[PDB]
């Protein structure tokens, strides 16, 4: 196959010892990608040819969860094809690999000096520390950021990888990958993103994709859609209702301490539990989960049974860690393998829904508060 790298991939020269730090990063990236591919293709549940993914947590017609074999989505098949191409010719793919040591597009971080010391690669890359970043921010957002990032290793290690992976893709098994990939406090500065604690308590990182360490534009002329990485969300937070054009895949790593520690919702935008009004080339979706009505909509996440979900375009979703033993645990959260399948078409923006009662209630958003989601049409 012929690989074309993204535009911001600038060939570079490494010293002998530098090249060893890049190679360990690269080898664990390949393991991660290979395990990702096996997780897509290995049959689970009642699916014969690929993994069984949740696609709606509440189907309005059956009143039950709704499911699909994930490789039936053409975009997922293409991700699998391009991962196979990478794994078959890794020296060619490596030309598109960059540790992002001096990456200009925006700041990338390492949680803490403790995480930085898990690998010589991370120490050499020497990203800014999130512990420093949140100490400067201060306030309730900083307090949450410090809690998450000072305990990042313990939170991201509380994972059970033995059921749907054949290798430990967590920070314990791939410490160079997890300590060296660029972590992003994506909501720390977003005044629309719900509570202060959720904002300081959220992180994601990208291994492969238009902003990852592996940045392939095209393989054999096909636009590479795959965007693959990981997320960490601190316990006792609620990720507000949100949606976007690109399809999305989540694989739950966290082993929960109660069945309902980590709840998620995924609902198709035209699900009859919501109210939809056509807007200008879009839809206004009103969500009313008040007075207990939201509970039907949320399902528990765990790394054995309910480990995999697939989000069709503009599907409304939420990640909720307020219930149950979230009022009792510490140094915990929700950690996942995260991916999108169509990162190079349509609008990549993660859209946040807004409270029906206006901006005054952003900081208390949770599944029971009424919300409005302003969806936009996407291109066929």
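Positions refer to the first chain, counted from 1.
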query	finding
Given 202-210 and 153-161, the range whose Cα B-factors average higher in the PDB entry	153-161
Segment of higher mean CA temperature factor, 111-119 or 250-258	111-119
Out of 170, 306, 190, 237, highest CA B-factor residue	306
Assigned third (lowest, middle, highest) for the C-alpha B factor of residue 269	highest
Third of chain Cα B-factors occupied by residue 95	middle
Residue 48 - Cα temperature factor, lowest/middle/highest third of chain	highest
Assigned third (lowest, middle, highest) for the C-alpha B factor of residue 340	lowest
Relative C-alpha B-factor of residue 87, binned into the chain's lowest, middle or highest third	middle
